[PDB]
Every structure is written in C-alpha cells, then in structure tokens.
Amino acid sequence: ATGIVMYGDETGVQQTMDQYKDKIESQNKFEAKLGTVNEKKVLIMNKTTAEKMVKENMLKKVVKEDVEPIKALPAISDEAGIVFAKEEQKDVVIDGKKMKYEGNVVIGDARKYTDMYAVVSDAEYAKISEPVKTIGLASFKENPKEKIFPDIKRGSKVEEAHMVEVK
C-alpha cells in the first residue's frame, strides 16, 4: 500500500499534505460532516462527493477479511439517502430522514474515524448543521509505511489516518 487516508479539520489535512508535498504524487480532498446517531458516529457526505470517492476506488465493500471497491454508488435521492454500516441498520435518522441500509462499505481498507457512513442528496446535505471535516487521500511516490505514516499518526494535525491500497 502507498496511500494514506486521513481525517480531520481541513487545515490539519492540508498542513499534512503540505509537509509531505514532494513525496506525494496525488491527492484528493473530500468534505463530509461528522455527527452521531444512536450513540454511534456517522460520517455524512453528499452524492457529488461520494461519486468522486467511488471514482478514486475509496469506498470499499468489506469481503471476508479484505475489501473490494464498489464500482457504482447506489441510487441517492432526497426521499432516500443511504447508510453503510457493519450490521443492518434500518432506523438511522439524520435530520429527520430515515436512511436506507446499503451494506458494509468503508472508506479505505478498514473502518476508521466513524462507525457508519451516510450519503444524502446535495440539497439534503446543505441542511445538515454538523461540523465539516475533511477526508484526505494522499498517494505517495514510494512506500510511506515505515516513517511517514507513523509520524502522521503521532502528530496532532489529523485526527486519524490509515494505510490504504490505491486504485
């Protein structure tokens, strides 16, 4: 793996990219809102953002003890947002709207930063008041696992980070 997915405030994610800019060959920033539902964390994004994550192969279905990138985002509409979680969850309500369960899909190669992931229409997302967070994907020119990754984890710029296999 040569990718690192990081989560946190935009400024912390950006500062981290900046620190390692000459070592990074590509990067992607995705905005989401981090909230809670039923004592669990939920990372909420809009359709436009989730579609872009699918194009980077960053939404991955959990399969046995591994992961496989989803190739299409399930249908999203104002009357039917979706939720991804480890187990079936049919009572997830976000901003008064019940989400439709769409399986055990995670960002990157493991469940990090949240318990569940929700995707709602762009118009629905605009109405959610929860704090905005940035999900950053950095693809490194060379293996960053032995020094860069632990330094990011020990640091205080991002809230969470994990190694991932890039597209």
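One-based numbering along the sequence shown.
S.K.: Determine, for stretches 93-101 and 73-81, which one has the higher mean CA B-factor as deposited.
M.R.: For C-alpha atoms only, the mean B-factor is higher in 93-101.
S.K.: Comparing average C-alpha B factors as deposited, tell me which of 50-58 and 36-44 sits higher.
M.R.: Higher of the two, by average CA B-factor, is 36-44.
S.K.: Highest Cα B-factor in the PDB entry belongs to which of 119, 123, 110, 63?
M.R.: Highest C-alpha B-factor among the listed options: 63.
S.K.: Taking the C-alpha B-factors as the PDB entry records them, is residue 144 in the lowest, middle or highest third of its chain?
M.R.: Middle third.
S.K.: Relative to the other modelled residues of the same chain, rank the CA B-factor of residue 19 and answer lowest, middle or highest third.
M.R.: Its C-alpha B-factor belongs to the middle third of this chain's values.
S.K.: Based on the deposited C-alpha B factors for this chain, I'd like to know if residue 163 is in the lowest, middle or highest third.
M.R.: According to the entry, residue 163 has a C-alpha B-factor in the chain's middle third.
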